[PDB]
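Novice: Sharing a structure below in structure tokens format, with a few things to ask.
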Amino acid sequence: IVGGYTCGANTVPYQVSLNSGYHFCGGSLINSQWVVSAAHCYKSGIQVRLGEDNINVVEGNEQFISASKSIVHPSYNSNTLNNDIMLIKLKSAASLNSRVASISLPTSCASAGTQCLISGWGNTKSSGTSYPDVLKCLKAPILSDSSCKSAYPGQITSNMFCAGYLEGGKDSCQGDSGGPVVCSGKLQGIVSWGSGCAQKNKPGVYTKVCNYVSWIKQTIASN
Ligand SMILES: [Ca+2]
């Protein structure tokens, strides 16, 4: 997250870190057994880390639970990043309390102008590299479909939306991928892609979670 703020420990209780020996992507806990992330974060051997603030220090609220199964969206296209969503099942159910909690799925799609909370452990610099150990946060609005398409000609599908600031300086970034965009207490986006980070006229692009609620529910119901 570039141009954000330190969230505070366990203030984003649905945020998870995907770990394969190291943090590599975010995700969102949607029930005791299941995490939403980006399909482009797929790999084998995932350990889901819940209750994290500093990802390099054991602070006392963590739950580390190996994944039993990953399910990339049936229509994920890694070239275009269309349908950049996956589900990860935990080998055992997480214990839920105020610091580790699921986030609700949307019942309707959010609108341009709505304020959301984007979070992650990704790079905090737009030029060069610095990775935080504690969770960063950014409040940002959803942008119009027209301004999103004008920013990224030929690239924005109906399964994507832009959020952030066209002036630059505030955005998600590498290492945030797969993490949440939460608006009015609902998971509306997944950190997906963008041109660089926090560049002028290059806002963040997010998977549009409301399009996937029926797939998510039916997949969980049978897996
Ligand atoms: Ca920790």
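Basis: the model, the stated rules and, where named, an outside source; these are not laboratory values. Here Cβ is always computed from backbone atoms with ideal geometry, including for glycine, and neighbour counts include all displayed protein chains.
Novice: Do you know which of the residues in the stretch 177-198 that are more than 8 Å from the chain's Cα centre (by Cα) and of a type in the set (A, V, I, L, M, F, W, C) is surrounded by the fewest Cβ atoms within 10 Å (Cβ to Cβ)?
Specialist: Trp193
Novice: Can you pull out the residues in the stretch 7-39 that are of a type in the set (A, V, I, L, M) and within 13 Å of the ligand (Cβ to nearest atom)?
Specialist: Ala9, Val16
Novice: Mind counting the residues in the stretch 199-222 that are surrounded by fewer than 23 Cβ atoms within 10 Å (Cβ to Cβ), of a type in the set (A, V, I, L, M, F, W, C) and touching a residue at least 60 places away in the same chain (Cβ under 8 Å)?
Specialist: Total meeting the criteria: 5.
Novice: Now, a different point. I'm told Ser95 meets every condition in (1) surrounded by 23 or more Cβ atoms within 10 Å (Cβ to Cβ); (2) of a type in the set (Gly, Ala, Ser); (3) not assigned by CATH to the domain that holds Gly164 except one. Can you identify the failing condition by its number?
Specialist: Result: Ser95 fails condition (1) only.
Novice: Determine whether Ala101 is away from the ligand (no atom under 16 Å from the Cβ), of a type in the set (A, V, I, L, M) and farther than 20 Å from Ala221 by Cβ.
Specialist: yes
Novice: Follow-up question, since we're still on this one. Could you count how many residues in the stretch 40-63 are exposed (fewer than 15 other Cβ atoms within 10 Å of the Cβ) and either within 22 Å of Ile85 (Cβ to Cβ) or within 8 Å of the ligand (Cβ to nearest atom) (or both)?
Specialist: Here the count works out to 8.
Novice: Have a look at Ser177, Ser119, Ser158, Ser127 and point out the one that is within 27 Å of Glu52 (Cα to Cα) and without any contact (Cβ under 8 Å) to a residue 60 or more places away in the chain.
Specialist: Only one candidate qualifies: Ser127.
Novice: Return yes or no: is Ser70 within 16 Å of the ligand (Cβ to nearest atom), among the hydroxyl-bearing types (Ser, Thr, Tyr) and surrounded by 14 or more Cβ atoms within 10 Å (Cβ to Cβ)?
Specialist: It is false that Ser70 is within 16 Å of the ligand (Cβ to nearest atom), among the hydroxyl-bearing types (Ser, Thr, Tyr) and surrounded by 14 or more Cβ atoms within 10 Å (Cβ to Cβ).
Novice: Using beta carbons and a limit of 9 Å, which pairs, at least six apart or on different chains, have the first residue in the stretch 81-96 and in contact (Cβ under 8 Å) with a residue 12 or more places away in the chain and the second one among the hydrophobic types (A, V, I, L, M, F, W, C) and in a loop (DSSP other than H, G, I, E, B)?
Specialist: Listed pairs, sorted by first residue: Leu81/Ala38; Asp84/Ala38; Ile85/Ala38; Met86/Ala38; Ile88/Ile46; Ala94/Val100.
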